[PDB]
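Working notes, beginning with the structure itself.
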Amino acid sequence: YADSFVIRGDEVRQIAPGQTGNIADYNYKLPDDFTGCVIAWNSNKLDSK
Amino acid sequence: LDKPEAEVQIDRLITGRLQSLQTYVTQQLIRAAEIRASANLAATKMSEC
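Below, the structure written as C-alpha cells:
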C-alpha cells in the first residue's frame, strides 16, 4: 500500500513509528509495529509558488 | 522513552526478573531434596525406634 501526501521538511521526522507531533497525531499516524519503507524528497521546484 | 527505546529497557527488566525466578526455583528444588531425605530418615526411625 502506497500512502502519498505533502508536508513540510521539518515534519518529515514525524513519519515514523513511535513518533508524536501535529502530523503524527492529527493527520497521519503509523503503528509502533509498522513494517514498510518511508520515501521522501524535496518538491520545492514543483509545489512552491 | 519512545517505544523502540523503552523496549530495550523493559527487555532487560523482564530478563533479570525472570532469571531471578528461575534461580529461586532451582534452589527450592535442591533444598526440597535435602528435606525429603531427612523426612525419610525420620520415618525409618519412627518404625525402628
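Note that the protein sequences, when read in sequence, are chains Z and P.
When the letters of the first sequence are read in order and numbered with the UniProt record's numbering, they come out as residues 396 to 444.
When the letters of the second sequence are read in order and numbered with the UniProt record's numbering, they come out as residues 984 to 1032.
All C-beta atoms, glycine included, are put in the ideal place defined by N, C-alpha and C.
- Under the three-state reduction of DSSP output, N417/Z falls in the coil class, being neither helix nor strand.
- By the Cβ criterion, the region 426-435 of chain Z is not in contact with the region 994-1004 of chain P, since fewer than three pairs of Cβ atoms, one from each stretch, lie closer than 8 Å.
- The DSSP-derived three-state label of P426/Z is coil.
- Burial of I418/Z is indicated by the presence of at least 16 other C-beta atoms within 10 angstroms of its C-beta.
- Two segments are said to touch when three or more pairs of C-beta atoms, one from each, lie closer than 8 Å; by this definition the region 1010-1024 of chain P does not touch the region 432-442 of chain Z.
- Put simply, the backbone Cα of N422/Z is about 45 Å away from that of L1004/P.
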